[PDB]
A.B. asks: 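The following block contains the structure, expressed as structure tokens.
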Amino acid sequence: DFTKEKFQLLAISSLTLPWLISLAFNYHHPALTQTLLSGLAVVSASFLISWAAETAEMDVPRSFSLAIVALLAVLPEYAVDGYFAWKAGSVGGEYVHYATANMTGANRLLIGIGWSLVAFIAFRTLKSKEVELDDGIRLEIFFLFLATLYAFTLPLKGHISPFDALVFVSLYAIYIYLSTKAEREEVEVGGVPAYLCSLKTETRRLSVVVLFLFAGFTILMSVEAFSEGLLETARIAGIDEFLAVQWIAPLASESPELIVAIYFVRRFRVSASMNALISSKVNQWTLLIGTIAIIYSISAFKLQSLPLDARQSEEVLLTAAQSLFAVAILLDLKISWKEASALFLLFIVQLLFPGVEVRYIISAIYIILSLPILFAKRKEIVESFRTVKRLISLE
Ligand SMILES: [Ca+2]
């Protein structure tokens, strides 16, 4: 049958239409409505992409690791942040700061809001006070630690060089490579992917290719209007543009990923749900950084480092600090209510109390909180090192 899921496909696909039709007829909307419509299209195309990636994963598991599907789940973030980086190199000006602000916003929101929210919902759903993670998480923990240690070298220099980007991309490439050699969990299907998997091979694969291309096309035809729409809306209002770039824009990019995470929690799949959020942190804290720095050179057609002013350096430091604390929490392969609430509070406090003083204070707290945990769980760091050591010598 699959009539219900066929209607779910058509319904959300149709959500791209208000913006796509507007593009087709070259109709100009005011700032806010342009943001809503183009944003509606981006979010919609994101679910399509996820539906497409999950079908391909069930189809050919060896080509689509859980890490890769976690990357494809946050494509709108790469496209929006990529747009800022493109403008930064081709035009310059405020877009230089926006590229880093958007990236740090995405990362901190993911942990501060995403990890905490999903954990809290899991608490009420399982009627418990602890979330346990798989042993395979030690992989992402290792790369998270290396990326974070490397990211601490960025506020010092005051920029992100082409070599830095090379490192971050290398870390992710190696991570992906090792994620293929790791024993994945059995991929369940439900909803749209289950209907797509029901179709004969060539029709199934043609369909998700069409979906990928259509959704990918939609995103690329939407991000500029959505990004400029946001910036415009914030300007005619009294709101600082940095708040829109850092907090509002990633919210629209990380929402589809969050919604899918919540869905899997209620279906009693907490482990896989957290695996994706943690792996998504990995790519956004590796590949994303490399991408914006690389794009900064490409759009300018010149070998160039992405500058980091006083503000953005503090943002990166704060983000690295939060990420250190995140790593230390994951070491026991469990997420408790204290740790989740700590992630939430320490995040929103910085957001509700702006200023250079608070950025340094919260940075210090993240780091100082991390050290006793890291010291008490030093065997877990060694274990994470051995996990990677085994994946290398698998064959
Ligand atoms: Ca923990």
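We're numbering straight along the sequence, starting at 1.
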A.B. asks: Side chains of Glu254 and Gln284: do they bring a donor and an acceptor to under 3.5 Å?
C.D. replies: yes

A.B. asks: When rounded to the nearest 0.5 angstrom, what is the spacing between CG in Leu230 and CD1 in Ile239?
C.D. replies: 9.0 Å

A.B. asks: Under a plain distance cut-off of 3.5 Å, with no hydrogens placed, do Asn283 and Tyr78 share a side-chain donor-acceptor pair?
C.D. replies: yes

A.B. asks: Give me each pair satisfying ring pair (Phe, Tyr, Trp, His ring centres under 6.0 Å) with a member in residues 272-293, each pair once, sequence neighbours excluded.
C.D. replies: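 Counting only pairs at least two positions apart or across chains, no ring pair (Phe, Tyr, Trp, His ring centres under 6.0 Å) contact touches residues 272-293.
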
A.B. asks: For the OG1 atom of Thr201 and the CG atom of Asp59, what is their distance to the nearest 0.5 Å?
C.D. replies: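 These two atoms lie 8.0 Å from each other.
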
A.B. asks: Only counting residues at least two apart or in another chain, list the ones meeting side chain to side chain donor-acceptor pair (under 3.5 Å) with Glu77.
C.D. replies: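 Here no residue qualifies.
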
A.B. asks: With sequence neighbours excluded, what pairs up with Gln312 under the side chain to side chain donor-acceptor pair (under 3.5 Å) test?
C.D. replies: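 Expected list: none.
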
A.B. asks: Which heavy atom in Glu57 sits nearest to a heavy atom in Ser65, and how many Å separate them?
C.D. replies: OE2-C, 4.4 Å

A.B. asks: Tell me every residue that passes side chain to side chain donor-acceptor pair (under 3.5 Å) with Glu140, counting only those two or more places apart in sequence or in another chain.
C.D. replies: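 With sequence neighbours excluded, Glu140 shows a side chain to side chain donor-acceptor pair (under 3.5 Å) to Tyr175, given in chain and number order.
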
A.B. asks: Restricting to non-hydrogen atoms, name the atom on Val80 and the atom on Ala249 that form the minimum distance, rounded to 0.1 Å.
C.D. replies: CG1-CB, 4.3 Å

A.B. asks: Side-chain heavy atoms under 4.5 Å apart, restricted to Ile/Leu/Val/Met/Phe/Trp/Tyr: what other residues fall into the cluster of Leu36, or is it alone?
C.D. replies: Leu32

A.B. asks: Only counting residues at least two apart or in another chain, list the ones meeting ring pair (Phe, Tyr, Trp, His ring centres under 6.0 Å) with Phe344.
C.D. replies: none

A.B. asks: I'd like to check the salt bridge (charged side-chain N to carboxylate O under 4.0 Å, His left out) partners of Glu241; sequence neighbours left out, ordered by chain and number.
C.D. replies: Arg235

A.B. asks: Name the orientation class of the two ring planes belonging to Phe2 and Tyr195 (parallel below 30°, tilted from 30 to 60°, perpendicular beyond 60°).
C.D. replies: tilted

A.B. asks: Restricting to ring pair (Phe, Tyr, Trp, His ring centres under 6.0 Å), what partner residues turn up for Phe168, sequence neighbours left out?
C.D. replies: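 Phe168 satisfies ring pair (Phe, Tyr, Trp, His ring centres under 6.0 Å) with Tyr150 once adjacent residues are dropped.
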
A.B. asks: Throw together a table of side-chain donor-acceptor distances under 3.5 angstrom for residues 116-123, partners on residues two or more places apart or in other chains.
C.D. replies:
unit_1: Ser116; atom_1: OG; unit_2: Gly112; atom_2: O; d: 2.8
unit_1: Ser116; atom_1: OG; unit_2: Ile113; atom_2: O; d: 2.9

A.B. asks: Is it true that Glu132 and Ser271 share a donor-acceptor pair across their side chains at a distance under 3.5 Å?
C.D. replies: no

A.B. asks: Where does the angle between the aromatic ring planes of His97 and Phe242 fall among parallel (under 30°), tilted (30 to 60°) and perpendicular (over 60°)?
C.D. replies: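 Ring orientation of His97 relative to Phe242: tilted.
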
A.B. asks: Indicate the atoms forming the closest heavy-atom contact of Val327 with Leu144, along with that distance.
C.D. replies: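 Answer, listing the atom of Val327 first, then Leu144: CG2-CB, 3.7 Å.
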
A.B. asks: Test of understanding: with salt bridge (charged side-chain N to carboxylate O under 4.0 Å, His left out), list the residues that count as partners of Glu315, not counting sequence neighbours.
C.D. replies: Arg108, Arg311, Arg359

A.B. asks: Compare every heavy atom of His159 with every heavy atom of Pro307, then report the nearest pair and how far apart it is.
C.D. replies: CA-CB, 4.1 Å

A.B. asks: Going by the rule side chain to side chain donor-acceptor pair (under 3.5 Å), which residues pair with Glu228 if we only count those two or more places apart in sequence or in a different chain?
C.D. replies: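 Per chain and number, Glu228 pairs via side chain to side chain donor-acceptor pair (under 3.5 Å) with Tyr83, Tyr95.
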
A.B. asks: Answer whether the closest heavy-atom distance between the side chains of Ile141 and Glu380 falls below 4.5 Å.
C.D. replies: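 Answer no - side chains too far apart.
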
A.B. asks: What side-chain donor-acceptor pairs closer than 3.5 Å can you find for residues 215-223, not counting sequence neighbours?
C.D. replies:
unit_1: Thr218; atom_1: OG1; unit_2: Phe214; atom_2: O; d: 2.9
unit_1: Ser222; atom_1: OG; unit_2: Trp19; atom_2: NE1; d: 3.3
unit_1: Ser222; atom_1: OG; unit_2: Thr218; atom_2: O; d: 2.6

A.B. asks: With the 4.5 Å side-chain cut-off for hydrophobic clustering, are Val169 and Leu166 part of the same group?
C.D. replies: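 Different clusters: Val169 never reaches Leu166 through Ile, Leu, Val, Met, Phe, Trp or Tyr contacts under 4.5 Å.
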
A.B. asks: Testing the basics here: between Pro250 and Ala244, what is the closest heavy-atom pair and its distance to 0.1 Å?
C.D. replies: CD-O, 4.4 Å

A.B. asks: Ring centroids only, cut at 6.0 angstrom: are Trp247 and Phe347 within range, meaning strictly under it?
C.D. replies: yes

